[PDB]
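To start, the structure itself, in structure tokens.
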Amino acid sequence: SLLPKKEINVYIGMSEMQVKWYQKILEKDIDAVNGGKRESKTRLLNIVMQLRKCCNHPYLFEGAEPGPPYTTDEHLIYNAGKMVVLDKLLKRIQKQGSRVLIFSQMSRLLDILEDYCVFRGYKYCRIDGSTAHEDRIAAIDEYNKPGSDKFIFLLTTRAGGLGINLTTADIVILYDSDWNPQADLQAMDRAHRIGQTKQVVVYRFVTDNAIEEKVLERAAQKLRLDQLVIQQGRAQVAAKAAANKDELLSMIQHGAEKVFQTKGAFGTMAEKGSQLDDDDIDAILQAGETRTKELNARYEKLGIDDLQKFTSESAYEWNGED
Amino acid sequence: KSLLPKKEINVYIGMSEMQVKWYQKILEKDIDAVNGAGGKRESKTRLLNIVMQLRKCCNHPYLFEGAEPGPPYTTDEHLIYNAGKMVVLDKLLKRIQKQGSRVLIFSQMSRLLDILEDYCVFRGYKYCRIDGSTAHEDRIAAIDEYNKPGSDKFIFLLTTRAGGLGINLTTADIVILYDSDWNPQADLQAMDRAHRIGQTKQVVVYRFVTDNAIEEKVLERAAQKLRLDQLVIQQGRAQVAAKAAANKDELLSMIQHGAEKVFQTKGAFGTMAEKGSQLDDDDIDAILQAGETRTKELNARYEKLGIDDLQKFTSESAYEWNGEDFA
Amino acid sequence: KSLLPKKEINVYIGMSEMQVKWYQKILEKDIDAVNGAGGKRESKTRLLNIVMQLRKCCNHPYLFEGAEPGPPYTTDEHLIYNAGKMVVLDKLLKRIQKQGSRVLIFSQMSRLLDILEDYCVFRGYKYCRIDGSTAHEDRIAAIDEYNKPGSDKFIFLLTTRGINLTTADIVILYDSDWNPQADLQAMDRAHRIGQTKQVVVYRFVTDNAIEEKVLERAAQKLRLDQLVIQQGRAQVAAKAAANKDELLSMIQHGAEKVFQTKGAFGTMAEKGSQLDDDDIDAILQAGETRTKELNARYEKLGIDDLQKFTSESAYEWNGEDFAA
Amino acid sequence: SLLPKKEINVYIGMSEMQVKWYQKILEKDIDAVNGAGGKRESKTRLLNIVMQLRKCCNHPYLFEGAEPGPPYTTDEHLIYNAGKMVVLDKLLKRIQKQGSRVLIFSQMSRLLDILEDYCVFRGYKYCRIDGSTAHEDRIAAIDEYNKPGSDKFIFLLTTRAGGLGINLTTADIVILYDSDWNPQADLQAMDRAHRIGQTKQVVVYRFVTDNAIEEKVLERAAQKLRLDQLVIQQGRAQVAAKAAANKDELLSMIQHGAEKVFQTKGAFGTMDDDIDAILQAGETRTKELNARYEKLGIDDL
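Line order of the protein sequences matches chains A, B, C and D. According to UniProt numbering, the residues represented by the first sequence are 408 to 442, 445 to 731, in order. Okay, so the second sequence: first residue is 407 according to UniProt numbering, each after it adds one. According to UniProt numbering, the residues represented by the third sequence are 407 to 567, 572 to 734, in order. According to UniProt numbering, the residues represented by the fourth sequence are 408 to 678, 687 to 716, in order.
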């Protein structure tokens with residue numbers, strides 16, 4: 408029994424320094440912010458990038474961090490709203506005896522997260538995805554050591570590989586989200602997989618009322634779409650399926666008893682047969698129209714769960730009754 | 407302009423005494439396969455044969471050789487009362503003409519239209535016919551004989567899977583599917599030869615179904631294939647939407663979201679404005695609690711989407727014409 | 407009713423001063439594969455890159471980023487006179503509206519329709535647009551508010567890849587689809603049952619460039635499709651068993667002369683006993699003449715002389731629904 | 408060098424006896440002949456009349472009670488009662504004189520029975536394969552007829568059992584007494600003689616009853632043979648209609664005008688009085704282009 412993961416979006420604001428740069432990005436291209446039709450997506454894609462960097466940390470922009478000499482200070486935290494929440498969260502996660510994996514889209518943010526963990530004295534490992542194979546093996550094993558010195562693991566979402574195991578941690582923090590919903594999903598399942606004994610909790614830093622909240626909904630819409638496409642994974646399989654042995658038999662046997670029982674004629678031809686009056690014909694038409702709507706509505710509201718023909722339905726064993 | 411939705415009505419029909427005799431003969435002459443089975447390899451050829459003969463029985467016994475009363479052979483009233491579907495059709499047509507309606511009659515078997523031809527002449531019904539062997543010049547002349555203003559014809563006999571489609575026969579308002587195609591889109595294709603843009607009246611489609619026989623069970627399997635066909639259409643639509651990259655309109659809404667509140671903000675934003683200083687774990691407990699509330703709320707908007715209500719771009723309905731040509 | 411056949415006219419267009427520079431630049435950045443005077447091993451994927459960019463160059467240079475003078479991107483007269491096809495389009499549209507005609511403009515690239523959108527606003531052309539990215543609600547609303555009497559719209563921009575736009579009479583294929591049948595669907599949005607006037611289709615082709623060679627190879631595919639269509643007719647007709655009408659004409663053939671006959675028949679009435687080898691030499695002589703004559707009747711048949719029952723042409727719409 | 412075969416339709420009439428039995432067939436089902444039945448009727452009733460007329464065209468003795476009553480003898484009446492037998496009698500006489508050997512094909516083995524009684528009556532050595540003869544038996548039949556210095560002269564064959572790939576090139580003349588509905592069946596019967604190993608000109612005689620059902624049978628068969636060779640010669644069409652652009656095809660697309668573009672150093676040639692001069696010059700090239708390719712055939716494409 409693997410305990411299901413608790414995914415929580417934590418909604419964070421921006422410091423004054425972020426707002427200043429966030430405005431500068433919006434200002435220096437206010438025409439595109441207001442929005445010719447010829448131009449490629451590049452002009453808008455750049456603004457999206459700079460707004461996402463600003464939602465991570467203003468120090469990612471050159472000439473933002475306080476002037477020389479550059480010092481690792483408390484303002485490394487207080488100039489980024491996420492770092493504030495991250496500061497108290499880490500101090501409380503280490504308190505409750507939990508270990509945390511911290512992911513991010515930008516490696517240049519992990520550079521800040523390296524300097525932050527030194528300022529607070531947190532032991533950590535790191536995988537950039539520019540780190541070699543024998544290197545990232547050691548970083549995984551150092552964190553997975555029984556009684557590991559490390560406490561935080563900094564990684565970039567895509568670049569860790571596939572199927573790596575970090576079950577020695579039980580908390581996952583997504584500093585920022587990927588455009589692809591499964592990329593973060595594969596990052597949560599680094600701690601939420603077979604071998605994990607404790608409750609996996611995933612925190613997703615989302616800058617409220619900014620671009621990242623709008624980014625999240627798009628990734629939420631595409632994630633639901635993938636679910637709709639997987640849940641209907643046998644629609645094309647069920648449509649092409651030709652006549653089945655157990656179906657072909659029920660087609661032939663349907664009503665065979667009444668056919669064998671009949672000595673005269675059948676339903677319409679026994680009840681009123683060979684001669685119909687329009688009082689008689691209208692009773693047929695109106696009844697058939699009634700049956701037509703019920704037959705449609707009963708099948709119209711169906712789903713793939715009911716329509717699906719499992720592979721064992723082909724393995725006709727015997728007749729239920731002869 | 408307004409095109410009235412088509413009324414599709416299953417007309418459940420019984421069988422005459424003669425149909426029962428042959429239907430029994432078909433079941434009896436191969437009773438070992440019906441009551442039991444054979445090797446899976448064997449039975450599919452053996453069962454598909456029984457299915458095909460039973461469908462011939464539901465249409466008309468005279469499709470079997472030696473069925474119609476022995477020599478001499480005359481076209482009389484026995485052509486009608488020996489087939490359940492003919493009896494229903496005979497009075498249905500009589501009502502159809504009196505209400506000023508003209509009817510297209512489709513069928514899977516061309517030899518049945520041969521039976522209907524002899525019936526139409528027997529009643530004095532002017533008719534045309536499209537066999538899929540008719541020839542273009544003959545085809546154009548027969549459609550124009552039936553469609554051209556002030557036409558004399560009343561019944562139009564066609565085979566379902568021989569249209570060569572793109573035909574206009576809007577002068578009829580009633581469509582009779584004497585029997586149904588295994589592929590539902592073929593019968594729906596035949597309906598859209600009268601129920602097409604240019605049609606002005608209410609299209610009524612009568613689908614003959616031999617009740618308590620093989621045709622009724624086929625009717626259900628067609629409704630299943632018709633519904634899951636909608637799912638492939640719908641699953642494909644979600645597949646296109648999931649693969650679609652960000653639009654310039656989508657990107658603009660992403661940048662503009664909250665931009666006005668940012669321009670309006672002179673200090674800090676949100677959680678930083680509300681406390682700012684690294685403060686109490688009661689404030690952090692409020693942050694994580696309210697965020698989890700919005701997480702449950704966010705999922706609820708999207709967890710109720712479902713396959714059947716995605717945004718349409720192409721009006722693809724498996725309950726309407728596919729657009730293909732079955733010849 | 408009478409539906410006037412569509413007039414399909416290739417309008418061969420040159421290239422602007424700017425286009426030539428980029429067309430050279432495309433060929434120059436991959437000059438080894440173009441020349442073919444070396445290994446000739448160069449992969450087709452490398453060639454498919456040249457073809458696709460040369461089409462963008464044939465369409466409009468501004469499809470390449472950094473070509474158009476830098477930001478802010480403003481719509482002026484340089485939007486027209488930097489592309490050969492736009493110059494032809496600019497005066498063609500002016501003539502089309504003045505003669506009371508409305509035009510559908512199709513294209514393979516939606517980013518070109520975006521260029522056409524900025525052009526249409528620049529000239530004051532009321533328009534609608536179907537990209538295959540517009541919602542059904544708006545598309546059904548766009549077709550109606552284009553067809554309604556007293557419409558203000560004049561141009562309808564669509565991507566090539572059962573819709574009715576018969577209220578327009580002119581179709582412009584700015585660029586061509588590799589599958590000729592895809593263009594015919596785009597044509598049959600005005601040229602269909604419901605059209606009252608003569609449908610004229612203009613196919614823009616960049617003369618003396620890649621678009622001209624595609625036109626020659628597209629005509630082959632369009633002709634080969636006709637031959638396949640015809641082979642199917644000959645295949646089905648050969649597979650057909652005799653009808654009851656065909657068999658009766660075989661039974662009835664000469665039956666009147668047989669009933670008319672009171673003694674022996676034909677050649678047997680001529681002699682009927684063991685007579686001269688002049689009789690057999692005469693039979694074989696007339697038979698060999700009739701044998702040659704019979705072969706001539708069928709030696710003059712061949713493809714394209716086959717009976718139609720279904721009027722399917724490669725030069726007419728398939729009925730297939732085309733989406734990119 | 409294999410000489411192309413000569414195929415000559417021998418149009419033949421019917422004896423007085425054939426005229427009677429032809430009329431007896433048409434009259435005993437004259438309602439079907441005059442088309443006085445329902446369209447729903449099965450095809451069997453018409454096909455019955457067809458085979459009866461086919462049997463009458465071959466030989467009247469195929470019908471019961473036709474040959475002169477008791478006593479039953481094999482004389483010249485076996486020949487002068489059938490129009491084809493009269494022609495076949497004189498034609499074999501000429502063939503044997505000029506040193507040729509002949510295969511005789513037929514649809515009906517009950518007619519090969521008649522031809523057997525004919526060959527014995529005329530003194531012609533012969534072999535026979537029916538489709539009722541087993542493998543080893545019909546092997547020895549081939550070897551005897553192909554034997555160097557063969558004793559035989561005629562080979563009576565059913566059109567069914569001939570087309571198997573066997574060799575009968577030691578006969579240079581083929582006589583199809585009656586034609587098959589399938590043009591390739593008779594076509595492969597001629598190839599029993601007309602194939603590698605044949606040294607002489609192969610001549611094929613196709614007996615046809617003129618102004619009777621067999622002439623109309625011949626026309627329809629000649630039609631379906633014409634349909635056959637059309638689909639054969641146009642089999643190269645569907646394989647080329649769907650084919651990705653070959654690497655050397657794409658090269659000509661890229662090279663088209665590349666020489667004109669490089670040396671240009673300016674704007675191209677083109678770059687409402689000018690516009691109507693473009694549409695007019697383009698309309699000329701469109702009509703010429705389509706007319707050049709529309710009449711083309713598979714060999715060019």
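Every residue gets a Cβ at the ideal spot worked out from N, C-alpha and C, and that includes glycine.
Using DSSP with H/G/I as helix, E/B as strand and the rest coil, what is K413/C? For the purposes of this step, residue 413/C is taken as the residue at position 7 of the third sequence. The answer is strand: DSSP assigns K413/C an E or B state.
Taking the beta strand (DSSP E) that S513/B belongs to, which residues open and close that run? Indexing the second sequence from 1 puts residue 513/B at position 107. Per DSSP, the unbroken beta strand (DSSP E) holding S513/B starts and ends at 509 to 513.
Say yes only if the C-beta of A628/A is nearer than 7 Å to one or more non-hydrogen atoms of the ligand MG, and no if none qualify. This structure simply doesn't include the ligand MG, nor any ligand for that matter.
Please report the Cβ distance between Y533/A and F562/A, rounded to the nearest whole angstrom; I am assuming they are in contact, meaning their Cβ atoms lie under 8 Å. For the purposes of this step, residue 533/A is taken as residue 124 along the first sequence, with counting starting at 1. For the purposes of this step, residue 562/A is taken as residue 153 along the first sequence, with counting starting at 1. About 6 Å separates the beta carbon of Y533/A from that of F562/A, a gap short enough to meet the 8 Å contact definition.
Classify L510/B as buried or exposed, calling it buried when 16 or more other Cβ atoms lie within 10 Å of its own Cβ. Locating residue 510/B in the second sequence gives position 104, counting from the first residue. Flag for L510/B reads buried.
Out of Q684/A, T699/A, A724/A, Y708/A, point me to the one whose CA is closest to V493/B's CA. In the second sequence, the residue the question calls residue 493/B occupies position 87. Considering only alpha carbons, the answer is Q684/A.
Please state the DSSP three-state secondary structure of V457/C. As a working note, residue 457/C is residue 51 in the third sequence. Helix, per DSSP.
The stretch 658 to 670 of chain D: which residues have C-beta closer than 9 Å to a C-beta of chain C, in chain order? Listed by position along the chain: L658, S659, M660, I661, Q662, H663, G664, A665, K667, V668, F669.
Suppose you measure from the CA of residue 734/B to the CA of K718/A; what does that come to, to the nearest Å? What the structure shows of chain B is the stretch from 407 to 733, and residue 734/B is not part of that stretch, so it cannot be assessed.
Could you run through the stretch 429 to 455 of chain D and flag, in chain order, every residue whose CB is less than 8 Å away from some CB of chain B? For the stretch 429 to 455 of chain D, which is checked against every Cβ of chain B, the residues closer than 8 Å are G444, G445, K446, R447, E448, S449, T451.
Short-range partners of chain C found in the stretch 498 to 531 of chain D, where Cβ spacing is below 9 Å: With the criterion set as a beta carbon lying under 9 Å from some beta carbon of chain C, the members of the stretch 498 to 531 of chain D are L498, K500, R501, in sequence order.
Could you pull the DSSP bridge partners for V581/B from this structure? Taking the second sequence and counting its residues from 1, the one referred to as residue 581/B is at position 175. Beta bridge pairing from DSSP links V581/B with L510/B, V611/B.
Can you grab the Cα-Cα spacing for the pair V527/D / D558/D, in whole Å? On the fourth sequence, residue 527/D is found 120 positions in, with the first residue counted as 1. On the fourth sequence, residue 558/D is found 151 positions in, with the first residue counted as 1. Spanning the two alpha carbons is a distance of roughly 14 Å.
Check whether the Cβ of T576/C lies closer than 8 Å to any Cβ atom in chain B. Translated into the one-based positions of the third sequence, residue 576/C becomes position 166. False, the Cβ-Cβ gap to chain B never drops below 8 Å.
Chain C contact for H542/B (CB, 8 Å cutoff): Indexing the second sequence from 1 puts residue 542/B at position 136. Chain C, which has a Cβ nearer than 8 Å to the Cβ of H542/B, makes this yes.
For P478/C, would you say it is in contact with chain A, using Cβ-to-Cβ distances shorter than 8 Å as the test? In the third sequence, counting from the first residue as 1, residue 478/C sits at position 72. Yes - at least one Cβ of chain A is within 8 Å of the one on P478/C.
Do the CB positions of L637/B and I639/A come within less than 8 Å of each other? Counting from 1 along the second sequence, the entry for residue 637/B is found at position 231. Counting from 1 along the first sequence, the entry for residue 639/A is found at position 230. At the C-beta level, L637/B and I639/A stay beyond 8 Å of one another.
Closest to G490/B by C-alpha separation, out of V615/B, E722/B, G444/B, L658/B, would be which residue? Here residue 490/B is taken as the residue at index 84 of the second sequence, counted from 1. Of the listed residues, the one whose Cα sits closest to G490/B is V615/B.
With a threshold of 8 Å between beta-carbons, can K607/D be considered close to chain C, or not? Counting from 1 along the fourth sequence, the entry for residue 607/D is found at position 200. Closer than 8 Å: no.
When you check each C-beta in the stretch 465 to 476 of chain B against every C-beta of chain D, which residues fall closer than 7 Å? Per Cβ criterion, the list reads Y468, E471.
Can you tell me where the alpha helix (DSSP H) holding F669/B begins and where it ends? Sequence index remark: in the second sequence, residue 669/B carries index 263 (1-based). Annotation for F669/B: the continuous alpha helix (DSSP H) segment containing it runs 665 to 670.
Interfacial residues, the stretch 624 to 641 of chain C to chain D, with Cβ spacing under 9 Å: Cβ contacts with chain D come from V624, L625, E626, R627, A629, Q630, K631, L632, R633, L634, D635, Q636, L637, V638, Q640, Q641.
Buried or exposed, going by whether 16 or more other CB atoms sit within 10 Å of the CB of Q425/D? Counting from one through the fourth sequence, the residue named residue 425/D turns up at place 18. With a 10 Å radius around the Cβ and a threshold of 16 neighbouring Cβ atoms, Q425/D comes out buried.
What residues from chain C crowd round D687/D, counting only those whose CB sits closer than 8 Å? In the fourth sequence, counting from the first residue as 1, residue 687/D sits at position 272. Ordered by position in chain C, the residues that pass the 8 Å Cβ test against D687/D are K497, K500, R501.
What residues in the stretch 564 to 595 of chain B bring their beta carbon closer than 7 Å to a beta carbon of chain A? Within the stretch 564 to 595 of chain B, no residue qualifies.
Nearest-angstrom Cα separation, counted from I693/C out to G420/D: Counting from one through the fourth sequence, the residue named residue 420/D turns up at place 13. Counting from one through the third sequence, the residue named residue 693/C turns up at place 283. Roughly 11 Å separates the two Cα atoms.
For chain B, is any of its Cβ atoms less than 8 Å away from the one on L410/A? Position 3 of the first sequence, counting from 1, holds the residue named residue 410/A. Look at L410/A: its C-beta is not under 8 Å from any C-beta on chain B.
Buried versus exposed call for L454/C [16 or more other C-beta atoms within 10 Å across all chains shown]: Locating residue 454/C in the third sequence gives position 48, where the first residue counts as 1. Classification of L454/C: exposed, given that the 10 Å Cβ count is below 16.
If you measure from the beta carbon of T720/C to each beta carbon in chain A, is any gap under 8 Å? For this step, residue 720/C is matched to residue 310 along the third sequence. Cβ-Cβ to chain A under 8 Å: no for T720/C.
Check the Cβ-Cβ distances between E483/C and every residue of chain D, and say whether any is below 8 Å. If you number the third sequence from 1, residue 483/C lands on position 77. Not one chain D Cβ lies under 8 Å of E483/C.
Candidates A541/C, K413/C, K407/C: which alpha carbon is nearest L594/C's? Indexing the third sequence from 1 puts residue 594/C at position 184. Of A541/C, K413/C, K407/C, the residue nearest in Cα terms is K413/C.
Meets three-Cβ-pair contact criterion under 8 Å: the stretch 585 to 603 of chain A and the stretch 519 to 526 of chain A: No: the two stretches stay apart, fewer than three of their Cβ pairs being nearer than 8 Å.
Looking at the C-beta of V611/B, does it have a partner C-beta in chain A at a distance below 8 Å? Position 205 of the second sequence holds residue 611/B. Chain A contact via Cβ: absent.
Between the Cα of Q505/D and the Cα atoms of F560/D, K654/D, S408/D, which residue gives the shortest distance? Start at 1 with the first residue of the fourth sequence, and residue 505/D comes out as number 98. Selected option, being the one with the closest Cα: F560/D.
Determine the burial state of residue 444/A: buried for a count of at least 16 other Cβ atoms within 10 Å of its Cβ, exposed for fewer. Since chain A is numbered 442 and then 445, with no step between, residue 444/A has no place in the structure shown.
Any 3 or more C-beta pairs closer than 8 Å across the stretch 544 to 558 of chain D and the stretch 569 to 586 of chain D: Taking 8 Å as the limit for Cβ pairs, the verdict is that the stretch 569 to 586 of chain D does touch the stretch 544 to 558 of chain D.
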